[PDB]
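Here is the naming used below: chain letters follow the sequence lines, and residue numbers restart at 1 for every chain. Computation of the quantities below employed the complete heavy-atom set of this structure, encompassing side-chain atoms and omitting hydrogens, waters and symmetry-equivalent molecules.
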Amino acid sequence: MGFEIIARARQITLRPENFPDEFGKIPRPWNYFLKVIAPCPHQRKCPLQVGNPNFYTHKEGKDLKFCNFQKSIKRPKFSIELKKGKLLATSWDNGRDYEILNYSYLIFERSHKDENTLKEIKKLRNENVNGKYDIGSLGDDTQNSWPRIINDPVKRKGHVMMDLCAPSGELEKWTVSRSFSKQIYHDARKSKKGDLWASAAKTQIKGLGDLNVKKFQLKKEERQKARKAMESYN
Amino acid sequence: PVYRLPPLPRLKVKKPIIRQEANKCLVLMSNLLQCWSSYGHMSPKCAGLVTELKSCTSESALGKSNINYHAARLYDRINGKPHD
Amino acid sequence: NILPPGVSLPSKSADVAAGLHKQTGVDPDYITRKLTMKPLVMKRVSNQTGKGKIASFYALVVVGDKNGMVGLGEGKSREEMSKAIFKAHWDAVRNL
Amino acid sequence: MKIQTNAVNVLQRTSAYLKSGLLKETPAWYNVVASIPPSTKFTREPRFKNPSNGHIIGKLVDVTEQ
RNA sequence: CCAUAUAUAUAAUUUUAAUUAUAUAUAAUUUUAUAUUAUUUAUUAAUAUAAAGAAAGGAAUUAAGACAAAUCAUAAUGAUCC
Ligand code: SF4
């Protein structure tokens, strides 16, 4: 539900459908302009958004994925002393010194106001064919367009698999191998969910985290078929 | 006056009350405590009660109605319903 | 062979006649060679239950000997229309 | 309860079964019931005298007789 | 079916533990008699007291729904990648 709230809030501010074929981050109208800083590396349609939260509750949207991020926070004493006993320490049907919190979040900046900035946004929207950011692209190759790691990467000997929300507007799977590059593999072997991946990879394919997304009178036919078959038996 | 009822789906008492016989042990204990309140604690005037208490609580400290069955069994017979 | 005693090695009117002769003592020969059945209505009815809709086949048939004897029969089967019609034929012969 | 028809006409229905051929063998009771018919009127019958005291039921005394 | 109690068989009683071993069978899901309580009135139940009993425990054995699980190391197939 929280992810759906952020997704909708992103959509209404941005209107992705109103600027098709516009890759990159340019401030967007809403004299008023605003741009997504984090966690999104693009301003196209969010790849994980399915409009209605209730779809997650069903038995067909149990494989759905949503954009959240995790952190660990030390438990202060008062927290440790609170979660004790049959109320808060048992299973309602070892402990830690920290809690993992899940959260969704969104950050926008509003542009400044100036004859420079206004015409700058107009010109950059007009004559800048930044190009179709294909799968595997890093966009601007800056903080503002680097892919977003949105799943815990899988780290096996000599290769690291990352699920990214890419600046191409899409949901990508990147594999970094030692044989491709020792340095980039070394960096990838320490990457974590929530980072921005700033380097290229060897294998860059379409991520299947959105698989269970696109898939989200008969009474009269039953009645007529019943009567037709019943008169056909004879 | 006689108040005849309509044909009922049943004839049942919701919470039939039963003969809860009082425990002898508790009665003896209450009498003994009353005796100690009036005639003083460890009084000899009701040592018998103490004895009796000791004799009755020694092994164990503490020493259903059938109306619905018969009502269901007999309702069709007595209800005075007219013949089919 | 190991045929159990009371078992035989490995049409509908014949089975109706045999069953009804065993159950009611009516003549099988009359049923098989002098009665004509004619289905009158053949329906799919349905009942809503907690585990979905359960469909049943309903058959109303008439049987008679064209000589002043007639009987209506109703049959109902959750599996096949053959079975509902068989039961309707049975009932019709019983209601002559 | 409705006056029943099918208890007192078992002979007629049995004879229809026998004539049609639906029943082969005549039952053992058939000739007995044929020779001893059931009562099949089931009427309410008036009474004109109290059996116990002899009082006449259903007489009106006219003004000429008073 | 274990276990428990008993019977038969087997052991040339130095492979000795015959107070044993392990095959087969039997036994109980105990039963009878009163007394007091209640009773749907006994040919019922409980409690108590007597009588006979070694008799007092345990395991397995079917489906149907719901959710979880990839050390699913309870697999197979498929997809994808090197
Ligand atoms: S980072 Fe990607 S998946 Fe997450 S909210 Fe933004 S667009 Fe959607």
Side-chain angles (χ1 to χ4, degrees), chain A residues 47 53-66 90-94 100 102 134-137 147 149-166 168 170-189 191 193 197 199-215, chain B residues 10-13 15-28 52 55-79, chain C residues 47-54 78-79:
Chain A
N54 288 302
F55 286 126
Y56 291 91
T57 64
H58 304 340
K59 290 174 60 57
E60 58 275 13
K62 67 184 288 184
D63 291 331
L64 282 164
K65 307 294 180 292
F66 55 98
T90 45
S91 167
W92 287 352
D93 196 77
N94 67 3
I100 307 297
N102 321 288
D134 203 41
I135 298 299
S137 72
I149 305 173
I150 52 152
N151 197 15
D152 293 8
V154 176
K155 304 168 182 181
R156 299 291 176 264
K157 179 192 80 181
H159 65 96
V160 181
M161 296 136 279
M162 303 181 193
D163 283 293
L164 306 168
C165 188
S168 69
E170 294 294 328
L171 185 66
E172 276 174 49
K173 188 180 176 179
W174 290 15
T175 315
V176 169
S177 67
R178 67 183 68 187
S179 64
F180 179 62
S181 176
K182 298 290 184 68
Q183 175 72 68
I184 297 153
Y185 169 73
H186 169 91
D187 284 17
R189 193 179 180 280
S191 67
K193 178 179 166 175
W197 185 245
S199 299
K202 183 177 75 174
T203 315
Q204 292 167 336
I205 62 170
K206 181 68 179 61
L208 296 185
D210 58 88
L211 183 62
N212 207 12
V213 168
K214 63 186 74 176
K215 301 193 215 72
Chain B
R10 69 197 170 280
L11 187 72
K12 188 175 182 179
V13 176
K15 275 230 181 163
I17 67 176
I18 60 169
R19 298 292 183 184
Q20 63 85 30
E21 294 294 328
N23 296 115
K24 293 187 286 185
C25 293
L26 302 173
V27 163
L28 294 174
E52 182 65 26
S55 76
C56 183
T57 63
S58 167
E59 293 179 353
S60 169
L62 296 165
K64 293 187 286 185
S65 180
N66 302 278
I67 187 62
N68 288 350
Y69 168 81
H70 298 290
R73 188 175 62 79
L74 295 166
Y75 180 57
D76 275 3
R77 179 165 186 172
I78 63 170
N79 56 5
Chain C
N47 185 29
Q48 188 73 78
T49 81
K51 292 177 71 68
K53 287 166 189 185
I54 300 306
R78 293 180 181 177
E79 295 84 9

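Residues B:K64 and A:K173 both approach RNA chain E. Their nearest nucleotides, taken by heavy-atom distance, put B:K64 toward the 5′ side. Where B:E21 and A:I205 each meet RNA chain E at their nearest nucleotide, the meeting point lying more 5' is that of B:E21.
Using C1' as the reference atom, E:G57 and E:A28 are 13 Å apart when rounded to the nearest Å. Taking atom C1' on both nucleotides, E:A59 is separated from E:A3 by 11 Å, rounded to a whole Å. Using P as the reference atom, E:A46 and E:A68 are 49 Å apart when rounded to the nearest Å. With both ends at atom P, the span from E:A56 to E:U32 equals 15 Å, rounded to whole Å. Taking atom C1' in both E:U39 and E:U47, one finds a spacing of 15 Å when rounded to whole Å. A distance of about 36 Å separates the P atoms of E:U62 and E:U6, rounded to the whole Å. E:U26 and E:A51 are spaced 32 Å apart, taking the P atom of each and rounding to whole Å.
When Watson-Crick and G-U wobble pairs are counted only if both distances are under 3.5 Å, E:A63 pairs with no nucleotide at all. Across every strand in view, E:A11 sits in a pair with E:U20 that passes the Watson-Crick or G-U test at under 3.5 angstrom. Nucleotide E:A56: unpaired (no Watson-Crick or G-U wobble partner with both distances less than 3.5 Å). Remark: E:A38 base-pairs with E:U44. Criterion, Watson-Crick or G-U wobble with two distances under 3.5 Å. Taking a pair to require two hydrogen-bonding distances under 3.5 Å in either a Watson-Crick or a G-U wobble arrangement, E:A50 pairs with E:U32. Taking a pair to require two hydrogen-bonding distances under 3.5 Å in either a Watson-Crick or a G-U wobble arrangement, E:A70 remains unpaired.
If you check E:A66, E:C82, E:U39 against the side chain of A:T203, the one that comes closest is E:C82.
Under a 3.5 Å cut-off, the side chain of A:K214 and the backbone N or O of A:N212 do not form any donor-acceptor pair. Remark: side-chain polar atoms of B:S58 are not paired, donor with acceptor, to backbone N or O of B:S55 under 3.5 angstrom. Between the side chain of A:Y185 and the backbone N or O of A:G158 there is at least one donor-acceptor pair closer than 3.5 Å. Put simply, the side chain of B:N68 gets close to the backbone of B:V13: a donor and an acceptor are under 3.5 Å apart. With hydrogens and angles ignored, the 3.5 Å screen pairs a side-chain donor or acceptor of A:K155 with a backbone N or O of A:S191.
Across all their heavy atoms, A:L171 and A:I150 have their closest contact at CD1-CD1, 3.5 Å.
The residue A:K59 sits close only to the backbone: its heavy atoms come under 4.0 Å of sugar-phosphate atoms, none of a base.
Glycosidic torsion of E:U16 falls within 90° of 0, placing the base in syn. Under the 90° criterion around 0 for the glycosidic angle, E:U6 counts as anti. A syn base is found at E:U41: its glycosidic angle is within 90° of 0. Under the 90° criterion around 0 for the glycosidic angle, E:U13 counts as anti.
Taking atom CD on B:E59 and atom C1' on E:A48, their separation rounds to 12 Å, with Å as the unit. As a whole-Å value, the separation of A:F180 CZ from E:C82 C1' is 15 Å. Rounded to a whole Å, the CZ atom of A:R156 is 11 Å from the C1' atom of E:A70. Rounded to whole Å, atom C1' of E:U39 lies 13 Å from atom CZ of B:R73. The interatomic distance linking A:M161 (CE) with E:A70 (P) rounds to 17 Å, in whole Å.
The phosphate of E:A68 has OP1 or OP2 within less than 4.0 Å of a side-chain N or O from A:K62. Dashed line: the shortest gap from a side-chain N or O of A:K202 to OP1 or OP2 of E:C81 is not under 4.0 Å.
Looking only at side-chain heavy atoms (C-beta outward), A:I184 and A:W197 come within less than 4.5 Å of each other.
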